[PDB]
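Here is how the chains run, residue by residue.
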Amino acid sequence: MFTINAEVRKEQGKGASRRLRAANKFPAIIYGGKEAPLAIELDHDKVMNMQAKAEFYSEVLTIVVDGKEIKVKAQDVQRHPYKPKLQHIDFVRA
Amino acid sequence: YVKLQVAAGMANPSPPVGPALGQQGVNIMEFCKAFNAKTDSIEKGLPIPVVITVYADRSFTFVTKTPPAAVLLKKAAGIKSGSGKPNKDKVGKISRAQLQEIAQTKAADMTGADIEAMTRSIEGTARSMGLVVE
Amino acid sequence: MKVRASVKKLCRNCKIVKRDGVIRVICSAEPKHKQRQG
Amino acid sequence: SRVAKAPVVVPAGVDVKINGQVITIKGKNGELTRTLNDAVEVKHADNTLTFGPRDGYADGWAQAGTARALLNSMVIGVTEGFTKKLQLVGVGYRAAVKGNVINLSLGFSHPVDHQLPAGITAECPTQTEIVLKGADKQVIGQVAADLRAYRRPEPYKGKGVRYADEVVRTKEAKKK
Amino acid sequence: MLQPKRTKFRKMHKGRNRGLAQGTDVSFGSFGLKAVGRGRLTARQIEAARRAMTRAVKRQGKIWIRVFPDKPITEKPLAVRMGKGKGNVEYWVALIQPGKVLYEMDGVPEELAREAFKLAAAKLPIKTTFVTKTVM
RNA sequence: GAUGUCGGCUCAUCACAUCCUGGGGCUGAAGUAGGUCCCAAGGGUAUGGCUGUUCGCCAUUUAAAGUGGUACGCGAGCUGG
RNA sequence: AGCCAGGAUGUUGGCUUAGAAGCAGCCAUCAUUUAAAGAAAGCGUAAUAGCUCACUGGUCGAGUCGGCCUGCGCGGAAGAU
Ligand SMILES: [Mg+2]
Ligand SMILES: [Mg+2]
Ligand SMILES: [Mg+2]
Ligand SMILES: [Mg+2]
Ligand SMILES: [Mg+2]
Ligand SMILES: [Mg+2]
Ligand SMILES: [Mg+2]
Ligand SMILES: [Mg+2]
Ligand SMILES: [Zn+2]
């Protein structure tokens, strides 16, 4: 059910990541397996609404980048200190 | 119009039955002589509280009521007081039989489809005094 | 009425209204509830 | 909104005249006029009147619901009457009409003698009853309010001038 | 009124109160009271919010306090000139950063909990926000 | 290489967080009189006993004897307790 | 959201009191026929009567409700030439 439609990050770090969260997108990362890590930027409110549900952090999830449907599990999530926002997600493959 | 829970046997004692309906405008001594034509029949001291459909200046004719349930419980318990809060102390748990001999009381005058249902309401006062079933 | 910085509905029959740039509470049931922000 | 979008139906015997914003209605009870806000197109398109906003005015629909209620009261007002009653309470309170004047006696040292406007008429079937009649709805509540203002009902006994609509909440005095 | 039983030193430097908080998630209960603003929370303030919590909820659930006023604050008394040594400890504060969960609560429904914290929050000098437990 | 400091007297002027008067809402406002808040600074707003007093207590008044600013207003205006 | 209708059976639930009846407080806080009814929301009654929500519905014919994220504004906001 959870199908996150993601794009690939062209620039990384603090300036680039803040530039994203000012534009209602947030950074994330996919790791696991032996494939290299994949840095993705997600649309905030889309992911925000979906992680409200309980079966986002327990079921297999799928992320589409460049057309390729990559299956993952949610692994770690950086929340805003004092808002109902999201800074960063770690997705592990599975 | 003044009401109080009136005695069946005594009429015109001044505190409790003088104001009762001898001061409404009902004939107390032909309510509680006609009602006492009906409580010459009734058991020794059931306050069976009727609805009054009466007049002001010595005329009357009454509709009638079913006899109580709350007055008839404490007999076989051996007590004539009550708790401050039941289901902590009880007054001696009594039989279905007396709760079913009080269920003999409100049977002739209800409208049910299946008559077993009303054994619950008789014990909305049971737990509310302590009369729980085995 | 009672005049305070915080004006609130104190019962269901209360009602907020703004009349000249002034938040007021009218109640049909209790004149005690009449309030003006100020 | 719903108020504006319901059309104003005119019954037989009411001649209507749209000079732009200025609009008057004629009836048996008499001519009534209104000068609507600039944001209100009002149209003849039937035996009805229609209300909707004029592009270029943010208020718009708000004025059209206002305009609708007004003409409706006017159209009703010229055909049938508006009648507000006022009941007097007070042992020594009374009202009488002398022609375009109501002479109220309300426990005052002076006499209250209130003057009516052009198109309002007051009778009294009782010493303690005033009955206004008029084509306008605003003027007849303004007059009934003014008459109510001399002796507005006080809570304890309910003594004063009350609308017969009015239900008065009575309280009991401070104990002892 | 909370206070350290013993401290290594009597008086602490003023310091500064920069940064985001640690203790940002609800960890012991289902619901919590989170700080949005920054500033000192005195021990009297913490006890008053706690007093108002435990009364909005009557012997119901469990309450945790995630902050501790461990920082001693000093004041020179009235009519003392500047200097002549540092003042005497008058009260204890917890330094608060934006994000700090201050109290936590379970054993009650949410709606009672939103009301309990609203009353407690009125006692505090910092903007707050209601928050819920999060999974992973 | 001096800006005279307490209180009094004389003369005052502003502010309003209004003491009285005026207008008002709620009142646990019957009435009389109050309580509380809102608006209002137009005008008005004690004499004496004791003390250097400000103040305060007391006596007796008044519709009321308001609160503060003006170098704790005012000594090239007085006094000098 | 406007606009028509009902609120009952045990029962004045028990305790207390001069009396407490849903409506002083206190415990039971469940039934009941049923389309429905919290052993009763404040008013109100010396107290009941009464008042009426909750309660469930009909007729009515296009959007409505109330939380979150924020943006710009509103009040909160009294001083002395
Ligand atoms: Mg930088
Ligand atoms: Mg003022
Ligand atoms: Mg003038
Ligand atoms: Mg003196
Ligand atoms: Mg002055
Ligand atoms: Mg001076
Ligand atoms: Mg000088
Ligand atoms: Mg000297
Ligand atoms: Zn109200």
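Conventions and cut-offs
- For every chain, the first residue of the written sequence is numbered 1, i.e. counting runs from 1 onward, and this need not coincide with the entry's numbering; residues without coordinates are not included.
- Working convention: letters from A go to chains and numbers from 1 go to ligands, in the order in which they are written.
- Chains on display form part of a larger assembly; values are given for the displayed part and nothing beyond it.
- As a rule here, side-chain values come from all non-hydrogen atoms in the structure, and water together with hydrogens is ignored.
- In these notes, residues near a molecule or strand are those with any non-hydrogen atom within 4 Å of it.
- Here a polar contact is taken to be a pair of N or O atoms separated by no more than 3.5 Å, where protein atoms must pair a possible hydrogen donor with a possible acceptor and residues adjacent in sequence count only if both atoms sit in side chains.
- Note that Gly is not counted as nonpolar here; it falls among the polar residues with everything else outside the nonpolar set of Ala, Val, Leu, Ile, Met, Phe, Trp, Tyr, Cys and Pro and the charged set of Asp, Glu, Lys and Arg.
- Strands were regarded as paired on the criterion that DSSP finds at least two bridges between them.
- Where helices and strands are cited, they refer to DSSP runs of H or I of at least four residues and of E of at least two residues respectively, numbered from the N terminus.
- Any two residues whose heavy atoms approach within 4.5 Å are treated as being in contact.
- Lines are fitted to the C-alpha atoms to define the axes, a helix being fitted only along its stretch in contact, and any angle between axes, read from their N-to-C directions, falls within 0 to 180 degrees.

- cryo-EM is the method the PDB entry states for this structure, with the resolution given as 2.2 Å.

1. Looking at the protein's contact with RNA strand G
In step 1: Lining the immediate surroundings of RNA strand G are 31 residues, of which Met110(B), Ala117(B), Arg120(B), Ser121(B) and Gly124(B) lie closest.
In step 2: Restricting attention to atoms of RNA strand G within 4 Å of the protein, one finds that 68% of them are sugar or phosphate atoms.
In step 3: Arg12(C) places a polar side-chain atom, nitrogen or oxygen, 3.1 Å from a sugar or linking oxygen of RNA strand G.
In step 4: At 3.4 Å, a side-chain N or O of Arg2(D) approaches a phosphate oxygen of RNA strand G.
In step 5: Class assignment of the residues belonging to the surface near RNA strand G gives a composition of nine nonpolar, twelve polar and ten charged.

2. Section: the sheet that holds strand β3 (residues 25–31) of chain A
All names here are of chain A.
In step 1: Across the sheet, which stays open at both edges, the seven strands sit in the order β1-β5-β6-β7-β3-β4-β2 with mixed pairing between neighbours. Lying at the two open borders of the sheet, with one neighbouring strand each, are β1 (3–5) and β2 (7–8).
In step 2: Bridge count between strand β5 (residues 61–65) and strand β6 (residues 68–79): five bridges; the pairing is antiparallel. Within β6, the residue paired with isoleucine 63 across the bridge is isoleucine 70.
In step 3: Across the sheet, helix α1 (residues 14–21) lies against β3, β4 (38–43) and β7 (86–93), angled at about 125° from β3, the strand it touches most.
In step 4: Here helix α2 (residues 44–51) sits on the sheet and contacts β1, β3, β4, β6 and β7; the angle it forms with β4, its principal contact strand, is near 85°.

3. Regarding the protein's contact with RNA strand F
In step 1: Taken together, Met1(C), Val3(C), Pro31(C), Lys32(C), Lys34(C), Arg36(C), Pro155(D), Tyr156(D), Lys171(D), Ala173(D) and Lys174(D) make up the full set of residues near RNA strand F.
In step 2: Near the protein, within 4 Å, the atoms of RNA strand F are sugar or phosphate in 70% of cases.
In step 3: In this structure, a sugar or linking oxygen belonging to RNA strand F sits 3.2 Å away from a side-chain N or O atom of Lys34(C).
In step 4: Between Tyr156(D) and RNA strand F, the recorded distance is 3.3 Å, taken from a side-chain N or O atom to a base nitrogen.
In step 5: Its residues assigned to classes, the surface near RNA strand F comprises six nonpolar, no polar and five charged.

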